[PDB]
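Chains as they are written, first to last, in the authors' numbering: chain BB, 22 to 233; chain BO, 16 to 151; chain Ac, 7 to 109; chain Ba, 2 to 98; chain AA, 103 to 203; chain Bb, 4 to 83; chain An, 1 to 25; chain Ap, 2 to 92.
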Amino acid sequence: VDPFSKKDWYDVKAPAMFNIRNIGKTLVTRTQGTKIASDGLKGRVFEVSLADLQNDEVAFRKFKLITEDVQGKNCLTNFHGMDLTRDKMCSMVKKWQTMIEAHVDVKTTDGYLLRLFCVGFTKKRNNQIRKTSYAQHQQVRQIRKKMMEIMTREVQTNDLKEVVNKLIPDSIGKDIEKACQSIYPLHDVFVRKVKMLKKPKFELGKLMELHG
Amino acid sequence: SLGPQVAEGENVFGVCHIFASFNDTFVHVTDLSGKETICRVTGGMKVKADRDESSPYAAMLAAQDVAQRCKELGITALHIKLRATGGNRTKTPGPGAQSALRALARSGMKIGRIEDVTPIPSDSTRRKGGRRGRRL
Amino acid sequence: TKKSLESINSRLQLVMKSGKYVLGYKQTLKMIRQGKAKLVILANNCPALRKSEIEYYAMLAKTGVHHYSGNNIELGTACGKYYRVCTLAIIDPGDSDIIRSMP
Amino acid sequence: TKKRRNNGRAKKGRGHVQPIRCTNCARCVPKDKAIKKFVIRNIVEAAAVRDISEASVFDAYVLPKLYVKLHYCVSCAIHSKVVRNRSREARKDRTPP
Amino acid sequence: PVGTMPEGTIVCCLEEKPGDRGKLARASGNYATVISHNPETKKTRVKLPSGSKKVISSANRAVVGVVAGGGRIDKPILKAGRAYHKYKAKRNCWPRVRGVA
Amino acid sequence: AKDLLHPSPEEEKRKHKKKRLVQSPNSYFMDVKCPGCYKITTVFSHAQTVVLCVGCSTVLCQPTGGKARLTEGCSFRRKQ
Amino acid sequence: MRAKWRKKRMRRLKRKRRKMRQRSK
Amino acid sequence: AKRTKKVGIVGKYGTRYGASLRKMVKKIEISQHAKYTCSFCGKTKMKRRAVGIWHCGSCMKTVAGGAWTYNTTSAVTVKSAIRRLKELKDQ
RNA sequence: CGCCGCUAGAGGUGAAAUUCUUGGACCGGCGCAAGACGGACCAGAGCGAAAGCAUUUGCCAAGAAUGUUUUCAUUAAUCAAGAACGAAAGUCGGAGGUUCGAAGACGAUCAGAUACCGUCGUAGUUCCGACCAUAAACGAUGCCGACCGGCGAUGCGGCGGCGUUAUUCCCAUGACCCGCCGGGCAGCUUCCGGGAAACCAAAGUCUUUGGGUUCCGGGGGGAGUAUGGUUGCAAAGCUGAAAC
Ligand SMILES: [Mg+2]
Ligand SMILES: [Mg+2]
Ligand SMILES: [Mg+2]
Ligand SMILES: [Mg+2]
Ligand SMILES: [Mg+2]
Ligand SMILES: [Mg+2]
Ligand SMILES: [Mg+2]
Ligand SMILES: [Mg+2]
Ligand SMILES: [Mg+2]
Ligand SMILES: [Mg+2]
Ligand SMILES: [Mg+2]
Ligand SMILES: [Mg+2]
Ligand SMILES: [Mg+2]
Ligand SMILES: [Mg+2]
Ligand SMILES: [Mg+2]
Ligand SMILES: [Mg+2]
Ligand SMILES: [Zn+2]
Ligand SMILES: [Zn+2]
């Protein structure tokens, strides 16, 4: 039979301003009557890790993509979500710390609404003898309110282009690190997960705007 | 056939899922999307004995068969995802993964970054073994 | 909301024993026509015709309106008597500031 | 008579500890009584790390570490060779090297 | 109409076809669950009190809430007299004689 | 042979309030020079309630568990 | 024989004798 | 004086139709014959009409309630879900 | 469950089989629905009278401790009878049924297995109303009050320290570090003494015997059994002897 001799190859184009627009090549069965090639390829997703997109950044902070459409034998993908790796997420979890969680829904400038998370670990100071390093839980509730509050006035006034440009240097984590030190010296605050739960419209014109 | 890419210097990537358990080892080759299975050879497809399909000797045969089919179908590099029975069973992988990684790295199949995407539950759902569980 | 609710109940406890107030719809009609009433208190489940009429009389006679979010049983409990009441009019608080703080 | 002052677990202030399932024989044991350790391995055995380093795409830019909460119970942990027996004067000891 | 209400809306006295003035879920204390709206091909899934999921149109109407009188089968009839009066009020459906007898 | 009849003042300061012999209170009365117009006010140290001057209507001492923290740096004296 | 199962078998004998008393009141 | 100790309102029947059935009918007979607080006039004049219908004596505002109580707890859960889906994301 | 791609096995073991599969199992990608569950962070840490209590946020009342030149003025400790909670399992109503799973059914080991191993699976395991009031309900150690060694620590308040680091900058809480005070979960040593010893700063201040008070033990069995009384829908719970 040899179905892979009949199968077709489409190359995947990442959206703009990461550094590049190359991901890989995927298999398409072929177009045959009802089963058009642009049917399942629109529903296919991708899950790619860095040091190839963000111009030599850290190896973690993975990205979840989804293919919007295809245009001239080149399937163009769009942002779907953002995760971190299992070894990084299970790492920096010490038995003698306090792990502070946060999560918030927020709508962007356009019709995209998202759900983003936040993780925080305690930090032992320089020349500290007490090995426990816990809190009073009132500062923990206050810092959950604070990290819920910061993400509102970033992501509410900014759509996908500006929030991806803010997630390029992890400026949200550095902003929480800067505004965090008055309460507690919290160690490597990341967002650890964000996923898209509602998508308004196809918007090929907005995809052309995303191209620029 | 030539397939994806001519004028070599650029790699064609594929996701290699390795599902290792205490009873069987799965090696599976997919594209970067996740739908199009390129090759899939289990332990029982290469070993006639049912008690030796979990052995690392099965992993060498299955991984060499999959690496031969991938070189026939023309894909260069692999991003290896590693997983085990992690829902309620032991989260550590079985004896097949230690041999499968070596057998993929031995005969071609340039390895990118390896990420252990293992299904970890939230808060320890109900275990199959019962109250006092496995005995001898 | 505990500050606002306990403040309103404490002001009612102080008007209960310090100042002079009237009780019932027919007596608050005479007080809102004579102009002695400064603040009126309506129940949650008062009927809409009586509520609109008392609000109309108050906004003609320059009288504040306060909608007490509560059944008339606990409004009678808040004014401190065993029966029920739907319409209050604080004509003269003793040492309270209901007619000073809210309007 | 008493064999231990702690009576096995570390429950001294509270009265109930949540049972957490074991790994080998899968028995629910309270977490202050069960053998709770944290194994840190390389994702590849060290005799096979060199083959992946020679046949890797990148020039040694990725080194993942596998972290697993290991949770045994004391009925199968002695068979699993972790919590070997000691002497009466040796039960007063601490974290082994 | 059920196209206006969001999913999960607990309604009753709904319609099979648009414009037959209420057919489904009319007994005392029963309701339907509205799910699975569709912009193209205007349909709507409803979970009926028997547990069946029926795909109906998106233009038919339904009153929001449950039918009053719920729990009517909580009390036993407790004697033959109340059963006689109940069935005399409803219809002659009670010559219930055993077919073996 | 500990000298319980004539102990050390530093030892009896480091002991608890009621363990010592005279059982003197650890609190005091401090004189706050309020910068409003002229008024100097005597006030208890462990001020449970707020302290408001009747002339300038400013907050003198914040209510705080333990002893009351102060406003802008008014002076204080110890009179026993 | 465990004290637990001795108690439960005497409990079963107690239930049997209770049913005997109910059988011949 | 406490004349009956277990039957309550069900003592009008007597020795017939079973202890468990009389115990299960007891609570709902107390529920159908008890007076309920009217949410409109504040009085306790909610008398039971035919099944599902409650009627207040003062101000004559007839309400459609449960078959044996004034409000079914499942119906209160339905009302909470309806107001949640109302003020959730503007229909 | 709906689709998509590949394919002959996938689960289950010391080893096989009972189970599902070209009618597409299993494996990977996406979506939906169901109910259970709050890991890692989680500790010889905290709270609660105990049983017990761990996702975020809001409301509702409650309480320990601390700081009190604040208030009353012996209002106090233990408790016959009586009463409030009370793990898990069990019983009676209403909703569903994810996982596990008494019984039950098979497939294996075994001379013999209905058990230990595996597959399916009822009651139950979930929530809302009531009953039952039991455990290795343990610290196998009643409550209140005083005294009798030290040390390193932890958590919760209070105090002191031109000590250290965080804002923009005096003004104030934040975090680390040092010491003290109050009760708490605790650990090491000890000839302070007890005890048969293990061991214990209480299980000590006991022949040099007496701070107050409640409940129970008199060799092992019979037996927590029988008969009575009493509670419970029932299973059963409480009190509970004698012969030998
Ligand atoms: Mg022993
Ligand atoms: Mg316990
Ligand atoms: Mg029924
Ligand atoms: Mg019949
Ligand atoms: Mg008949
Ligand atoms: Mg036993
Ligand atoms: Mg078949
Ligand atoms: Mg699947
Ligand atoms: Mg229970
Ligand atoms: Mg029944
Ligand atoms: Mg099963
Ligand atoms: Mg059996
Ligand atoms: Mg039964
Ligand atoms: Mg007992
Ligand atoms: Mg006691
Ligand atoms: Mg402190
Ligand atoms: Zn085990
Ligand atoms: Zn009425």
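We put the CB at the ideal spot given by N, CA and C, even for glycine.
### Rounded separation between residue 87(Ba) and residue 93(Ba) - CA only
When rounded, the distance between both Cα atoms is 10 angstroms.
### Query
Got a sec: is the Cβ-Cβ distance from residue 32(BB) to anything in chain Ba below 8 angstroms?
no
### Query
Going along the chain, which residues of its own chain have a beta-carbon closer than 6 angstroms to the beta-carbon of residue 61(Ac), five neighbours each way excluded?
Once the five neighbours on either side are set aside, the close Cβ partners of residue 61(Ac) are 71.
### Query
Pick from 89(Ap), 90(Ap), 80(Ap) and 73(Ap): whose alpha carbon is nearest that of residue 130(AA)?
73(Ap)
### Query
DSSP on residue 20(Ac), reduced to helix/strand/coil?
helix
### Message
Quick check: is the beta carbon of residue 72(BB) nearer than 8 angstroms to any beta carbon in chain Ba?
### Response
yes
### Query
Got a sec, what are the start and stop residues for the beta strand (DSSP E) residue 35(BO) sits in?
28-35
#### Entry: Simplified DSSP state of residue 18(An), which is helix, strand or coil
Residue 18(An) sits in a helix when the DSSP states are folded into three classes.
### Query
Roughly how many angstroms separate the alpha carbons of residue 33(Ba) and residue 17(Ba), rounded to a whole number?
10 angstroms
#### Entry: Pair within 8 angstroms by beta-carbon distance, residue 40(Bb) and residue 58(Bb)
yes
### Task
Spell out the partners DSSP gives residue 134(AA) in its beta bridges.
For residue 134(AA), which the question treats as bridged, DSSP gives the partners 113(AA).
### Query
Which residues in chain BO sit within 8 angstroms of residue 26(BB), going by Cβ to Cβ distance?
Under a criterion of Cβ atoms nearer than 8 angstroms, the residues of chain BO adjacent to residue 26(BB) are, in order, 16.
### Message
Using beta carbons (cut-off 8 angstroms, strictly below), is residue 112(AA) in contact with chain Ap?
### Response
yes
### Query
Of all the beta strand (DSSP E) runs that stay within the bounds of the region 44-86 of chain Ap, which reach a length of 3 or more residues?
47-49 and 54-57
### Under the three-state DSSP convention, the category residue 95(Ac) falls into
For residue 95(Ac), the three-state secondary structure derived from DSSP is strand.
### Query
Do residue 2(An) and ligand 6 come close, with the Cβ less than 7 angstroms from some heavy atom?
yes
### Continuous beta strand (DSSP E) stretch holding residue 98(BO): start and end
92-99
### Message
Just list the residues that DSSP pairs residue 43(BO) with in beta bridges.
### Response
32(BO) and 55(BO)
### Message
Could you tell me the alpha carbon to alpha carbon distance between residue 55(Bb) and residue 34(Bb), rounded to whole angstroms?
### Response
14 angstroms
### Task
Can you tell me which of 7(Bb), 74(Bb), 49(Bb) and 68(Bb) puts its alpha carbon nearest to the alpha carbon of residue 32(Bb)?
49(Bb)
### Query
Taking the alpha-carbon positions, what's the residue 228(BB) to residue 119(BO) distance?
40 angstroms
### Task
For the region 48-55 of chain Ac and the region 86-106 of chain Ac, state whether three or more C-beta atom pairs, one from each stretch, are separated by less than 8 angstroms.
By the criterion of at least three beta-carbon pairs nearer than 8 angstroms, the region 48-55 of chain Ac is in contact with the region 86-106 of chain Ac.
### Task
Return the chain-ordered list of same chain residues with a C-beta closer than 6 angstroms to the C-beta of residue 135(AA), the five sequence neighbours on each side being excluded.
149
### Query
How about residue 15(Ac): is its C-beta nearer than 8 angstroms to some C-beta of chain Ap?
no
### Task
Decide if residue 15(An) is buried, meaning its Cβ has at least 16 other Cβ atoms within 10 Å, or exposed.
Counting Cβ neighbours within 10 Å, residue 15(An) comes out exposed, since fewer than 16 surround it.
#### Entry: Interfacial residues, the region 99-115 of chain BB to chain Ba, with Cβ spacing under 7 angstroms
108, 111 and 112
### Query
Helix, strand or coil for residue 199(BB) per DSSP?
Residue 199(BB): helix per DSSP, three-state reduction.
### Message
Taking beta-carbon pairs under 8 angstroms, can you tell me which members of the region 24-53 of chain BO lie near chain BB?
### Response
For the region 24-53 of chain BO, the set of positions with a beta-carbon nearer than 8 angstroms to some beta-carbon of chain BB reads 27, 28, 46, 47, 48, 49, 50, 51 and 53 in chain order.
### Task
Compare the beta carbon distance of residue 41(BB) and residue 69(BB) with 8 angstroms and say whether it is the shorter of the two.
no
### Query
Where does residue 19(Ap) sit, in a helix, a strand or coil, going by DSSP?
Coil.
### Query
Looking only at its own chain, which residues have a Cβ that is under 6 angstroms from the Cβ of residue 22(Ac), when we skip the five neighbours before and after it?
86
### Task
Thinking residue 100(BO) and residue 77(BO) are a contact (beta carbons under 8 angstroms), I'd like their distance in whole angstroms, please.
Not confirmed; about 18 angstroms, so no contact.
### Task
Report back the beta-carbon spacing between residue 53(Ba) and residue 126(BO) to the nearest angstrom; my notes put them in contact at under 8 angstroms.
5 angstroms
### Task
Take residue 146(BO) as the anchor and find which of 50(Ba), 74(Ba), 90(Ba) and 9(Ba) has the nearest alpha-carbon.
74(Ba)
### Query
By DSSP, does residue 244(BB) sit in helix, in strand, or in coil?
Only positions 22 to 233 of chain BB appear in this structure, which leaves residue 244(BB) out of reach.
### Query
Alpha carbon to alpha carbon, how far is residue 143(BO) from residue 30(Ba)?
If I take the Cα positions, the gap works out to 15 angstroms.
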